[PDB]
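Novice: experimental structure and sequence below.
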Amino acid sequence: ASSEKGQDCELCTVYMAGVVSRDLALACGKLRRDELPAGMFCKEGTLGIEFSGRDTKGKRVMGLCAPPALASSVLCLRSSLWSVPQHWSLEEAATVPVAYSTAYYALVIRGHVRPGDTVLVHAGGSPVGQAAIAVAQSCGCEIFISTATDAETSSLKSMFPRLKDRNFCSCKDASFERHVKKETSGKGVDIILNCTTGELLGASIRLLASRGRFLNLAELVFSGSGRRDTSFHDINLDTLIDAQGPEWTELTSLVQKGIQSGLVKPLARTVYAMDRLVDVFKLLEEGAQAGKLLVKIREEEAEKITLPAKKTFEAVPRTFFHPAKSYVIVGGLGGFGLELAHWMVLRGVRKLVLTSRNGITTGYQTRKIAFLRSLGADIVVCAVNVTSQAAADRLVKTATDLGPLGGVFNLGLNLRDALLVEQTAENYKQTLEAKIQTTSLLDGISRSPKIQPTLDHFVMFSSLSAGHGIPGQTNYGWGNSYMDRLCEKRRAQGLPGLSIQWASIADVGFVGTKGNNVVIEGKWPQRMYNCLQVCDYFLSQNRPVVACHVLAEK
Amino acid sequence: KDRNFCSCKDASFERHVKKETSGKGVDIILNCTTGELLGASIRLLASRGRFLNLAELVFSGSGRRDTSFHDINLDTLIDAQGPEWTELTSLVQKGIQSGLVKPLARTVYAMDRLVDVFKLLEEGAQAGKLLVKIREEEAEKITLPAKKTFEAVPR
Amino acid sequence: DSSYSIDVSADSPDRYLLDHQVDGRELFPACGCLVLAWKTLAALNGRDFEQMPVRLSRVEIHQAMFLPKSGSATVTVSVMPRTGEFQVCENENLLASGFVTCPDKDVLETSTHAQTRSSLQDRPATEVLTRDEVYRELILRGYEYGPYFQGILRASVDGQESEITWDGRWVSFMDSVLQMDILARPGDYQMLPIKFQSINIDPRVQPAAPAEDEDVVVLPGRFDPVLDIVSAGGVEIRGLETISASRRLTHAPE
Amino acid sequence: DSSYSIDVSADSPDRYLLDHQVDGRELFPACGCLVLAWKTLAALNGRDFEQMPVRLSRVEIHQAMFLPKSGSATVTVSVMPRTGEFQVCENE
C-alpha cells in the first residue's frame, strides 16, 4: 500500500531513526493523538519524524516525514529528502534534521534574524540549542546561551571557539534573567528562542526588547506585555510538516544550501540498539539525554550507493487491508455489520459492499453510510438475498466493478428460536438459508481461479451457541457448526479461513437496546470496542475456528 | 465581489467568514477592533495564521497550534529607524513608482479647526482621511515656500 | 462558599443523577456544576434560579466527581462579586471554573427558543433517528445514560434538527443538549468536554415544567455547525473543546 | 467577604493613615490594600498576620479610595480558596 494518491511518494528504507521530545510527549500521553494536525491523526502510527537511509536505487538521503518515521520503512513525500554528502556516515546524518530544520525555521523563516540583534538560546545543551547557535553565529549576532549544568558549558565552549565567557547563564534557576539584563545594559534580547515553561517562561518573557520576537518552541503571560511593538511566534514543526506549502520548500532549500556550506554539521549522538525503546524513551524523559538520541535499525554498508539488502524484524502482527481491493460484508447492514465496516474503513478499506435483505430501512443505517462515505470510502449498498448462483454472481460483479475482491465477511443471521419438540421445517429453512446457502455459494464462488489469488479475508461470524449451547436455538447451532467446519476445511485445504464464535455483543444488538446487562448462561454482554480488538487479533492469526466470551459475576 | 463583505458593527462577520471560507479560517487577520469583537476575530484565525493587531489576552489561549501574534505599533518603528525602516521606505517608494498606491478620500480642514477636527475623529463619522491645510499650494512645482506668520501662544 | 450537599439516596430527589454513567462510573455531569453555579449566583443576588437568565463564559472542566452509589456529597461554590469568576470545587480538588453573569435581553442568539413547531414528524423513517438509535450511538461511544437522562426523542440524519423532552429537571435538559453536541461530532473515541465558550440559559422563554399528569413537553433543538452552537428550548451551548479518553472495560477480561 | 471597617477618628489607632497625602488628598495607600489582603489570607487559614510569610503576585491597582477627614470606611476582601485570587474593593 506504498502508493499514495496525493503527490508523488518515495519509499525509503530507514537505517538510523531519530527520536525527539515530541515522540516522548506523544508516547507518554501528555499530547493526545487528536491534537495532531489533520493528516497525521489518520496515519498508522505517530512516533518519530527524522530519518536517514537509502532511497530507491540506494542514494543515501535524510529528512523529516510523516509520523510513521521511527520504523524500518517510511513513505516520504519526495519533498522532504536531502541527499547525504560524502564524509557523512548515516550515523551522523540522522542528527541534522529537526535540529537544524527547527533552527532555520525559527531564526530565519520566522525570526528573520539579521546581522546584529541578540539571540537568547535556552537549553543550549539540547540539539536544537546547538543548531540555533550555529545559525545565529552564521548571521553574526550576539548569542546568550543558557546551559543547565557546567559540563554543557565546557562542551559548548570547546565546540564553538568565538563564544566568550560572558555569554553563558544558568537555566536551572532564575538567574539567567539577572545575567542577561546586566550584560545587555537592560535593553533586553531581541530573538528569544525560548524552550522553558512556568515561572521560567515569565522570566524569559520579561527579557524581550522592543520589536522582539519570542519564538516559543513548546504565551499566557506574554499577552500582558509592556514593550509595545513585539511578536509572539508559536513554532510547532508538526503543522509545517503536514501542510507542505511554499514555506516547507523554502525551508528545504535553506537547509540544503547550509549543508553545501560548512555551517551545519552533525551533533553529539548516542546510538541505541533496536530493542531498547523503553530505555531510550525513559532516558529521554529523565533529562540526562546525551545530545541527540538515535535508534540503529540497520548497520551501514561499505558501498555508498547500493541496494539495502533484506532483513526481518520481530513485531506483533496487526490487521490492515489493501486500499485498492474490495471487501463484501454480507448482512453487514445490521447491528454488528455497520460497526465492523466502520472499523474496517479506519484500518484502510476504501471499497465496501454492504449487502442486506431489503436495503436501507432505518435512519441509523443512513447516518452510518453517510459517515463512512465521509471518511473517503466507496460503499455500494445492495439488497441481494444470496440464495442462488445468479445472486452471488451479481454480488461478485458489483464487488469487481468496485475492484479486485479480497475478503468476504458473512454477518447474516436469522433467529427462529424454538424448542426442537415444537420446531417447524420453515424455521429451519429460513435460518439455514441465512448461513448455509449464502456461505456455500460464497465459498464456491470465491475459490474460482479469477478471485482465489486475490482473496485473503474469508471470515464467517458465528456464535457460541454451537460451542456452549443455548436452550431451544438449534437452527443457530446447526448453522454455526456448519460454518466452523467449512472454515476448518478451508484452512486444511489452503486459502484463508476463519470462524469467530461470539458470546453476546452489547450496545448494537437488541440486548443493548433492552439493556446491556442481561446475562445468558452467565455470559455478560461484551462491549463493542473490546469485541473489535479481539476481532483485530483474530483476523491476523492462523487458526481456523476461534471463540471469545466474557464471563459474568456469579 | 459581493461575497467578500460583512458587517463589522455586530458579531456577524464571524458567521460570514466561517461560512464562506469553508470553516478553515482566514490567515492574515489585519484586526483593528477590540473587546468581544476581538475574541470573535481571534476565533477565525487558521493554522499558521498571523494576527496583525493594529491596536491579545484572549489570543494566548489559542487552539490552532502554529500561529503568530504581531503587535503593530508604527510609533516604535518610526523612533528606531533600523534596517526595517529603510526597507519599508523602499517598499513604499517602489509601490509609488507603480500604480498600486494612490491617494484616498480626503477631507481638508482649515487651520483654525483643530477642536472640530479632533471631535469628528472621535465621533467615528470620519470621512476617509483627515488633513489640515497649513498653506495653500502654489503653481510652480519647485519653488521657495515664501513667508507666513501663524498665531500661537508663546512658549 | 455557598456549599451544596447533594444526596443520592433512594427517596431523595437527586436519585436521577445516578443515571449519568460514563463507562460504568456514575460521574457527576458538568451540567450539574453549571446549574450549581447558576443557583449560587441567583442566591447571591436575591433571585430565584428559575427566573434569572444567566451566561457562563470561559468555562473549563478540570475533574469529574464520582457520585457515591448511596450517600451524600458536598460541593462548594465560590464566586467573586464583580467579575463573577465562579469556582465549583469539592473537598480539595477543583471541578470547574469560569465566569458567570446575568445579562439583559441579549442572552440568547439562536432564535430556536422562539420556534415552537417541530416538523420532524412526517419525515421518512429512513431520514429520522428514533431515541433508541440516537442513544445507541452514544452508548457505543461509551456514554451509557439511564432513562432519566435520555432526554432526546428524535433526531435528523444530519444531526441538526432534534426533539428534546423537557420534564422539569434542568440538569437532564442541559445534558440532553450536550448529548446533541457530542452526536454532532462522529467518531469512535470517548470524547470528554474540557472547555466551553458560552452557555446562555434563559428560563423565561423556556416552556413551563410539565405537571405530573401533563407528561412531557417536546422542545425543538437545532445545532448550527458554522459556529458550532447547540440550542434547544431555553439553553444555548457553544464551543465545547474536548479531549480523548482511553475508555475503561466495564467487565472482566474477555 | 471578610469586611474590614477602618476608622480615622482622633483616638482610633488608624489616625496615622491620614498622613499619606497625595496632592492635598488623604488617599488610602495601596500598601493598605496589600496588608488587608494579607490579613484576610491569614484569617482564612487560621493564622496570625504577624507570623505568616506571604507573597502577592500580579497585583494591579485600579482606584484610590479617599479617606474621610473623620469617620469610618468599609472595605471588603474576597479571596478564592485555591488560586488565592484576592479582590480588595469598597462599596461598588
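Specialist: Structure's in. What do you need? Numbering: from 1, shown residues only, chains lettered A, B, ... in the order given.
Novice: would you map the helices across the stretch 101-250 of chain C?
Specialist: C:131-141, C:170-184 (DSSP state H, counting those that start in this stretch).
Novice: I meant the stretch 1-150 of chain A, not that one.
Specialist: A:21-28, A:90-93, A:99-104, A:127-139.
Novice: winner for burial among those helices?
Specialist: helix A:99-104 (a mean of 26; mean count of other CB atoms under 10 Å in any protein chain shown). In this view, the C-beta of every residue, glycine as well, is placed from N, C-alpha and C.
Novice: elements contacting it?
Specialist: Here helix A:99-104 touches helix A:127-139, helix A:246-260, going by 3 or more CB pairs under 8 Å, 6 or more residues apart in numbering or on different chains; DSSP states H and E.
Novice: from residue C:235, how far off is the residue of the stretch 101-250 of chain C found nearest chain B?
Specialist: Closest to chain B within the stretch 101-250 of chain C is residue C:226: 5.2 Å, counting by CB to the nearest CB. Counting by CB to CB, to the nearest Å, the gap from residue C:226 to residue C:235 is 19 Å.
Novice: ok, the two, which is more surrounded?
Specialist: Ranked by neighbour count (other CB atoms under 10 Å in any protein chain shown), residue C:226 and residue C:235 place residue C:235 first, with 28 against 12.
Novice: adjacent strands (with direction) for the helix or strand where residue A:461 lies?
Specialist: If you go by DSSP states H and E, residue A:461 is part of strand A:457-463. Strand A:457-463 has the following strand partners under DSSP bridges: strand A:405-410 (parallel), strand A:499-502 (parallel).
Novice: now those strands in JSON lines, with mean neighbour count?
Specialist: Conversion of the strands paired with strand A:457-463 to JSON lines gives the following (neighbours: other CB atoms under 10 Å in any protein chain shown):
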{"stretch": "strand A:405-410", "mean neighbour count": "24"}
{"stretch": "strand A:499-502", "mean neighbour count": "23"}
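Novice: reformat those strands as JSON lines; add distance to residue B:8.
Specialist: Shown next, in JSON lines, are the strands paired with strand A:457-463 (distance: least, CB to CB, whole Å):
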{"stretch": "strand A:405-410", "distance to residue B:8": "56"}
{"stretch": "strand A:499-502", "distance to residue B:8": "60"}
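Novice: the ones you listed: which one's closest to residue B:97?
Specialist: Checking the strands paired with strand A:457-463 against residue B:97 by CB to CB gives strand A:405-410 as the closest, at 64.8 Å.
Novice: how distant is that closest one from the center of its chain?
Specialist: Its chain's C-alpha centre and that of strand A:405-410 lie 25 Å apart, by CA atoms, centre = their mean, to the nearest Å.
Novice: got the residues of chain C near chain A?
Specialist: C:125-130, C:132-133, C:136-137, C:139-140, C:144, C:157, C:159, C:186, C:188-189, C:243-244, C:247, C:249-252, C:254 (CB under 8 Å from any CB of the partner chain).
Novice: filter those residues to the buried ones?
Specialist: The neighbour-count criterion (16 or more other CB atoms under 10 Å in any protein chain shown) marks C:128-130, C:133, C:136-137, C:139-140, C:144, C:157, C:159, C:186, C:189, C:250-251, C:254 among those as buried.
Novice: any idea what residue A:351 is bridged to?
Specialist: Following DSSP bridges, residue A:351 is listed with bridge partners residue A:378.
Novice: so what's it up against?
Specialist: Applying CB atoms under 8 Å, 6 or more residues apart in numbering or on different chains to residue A:351 gives the contacts A:325-327, A:377-378, A:402-403.
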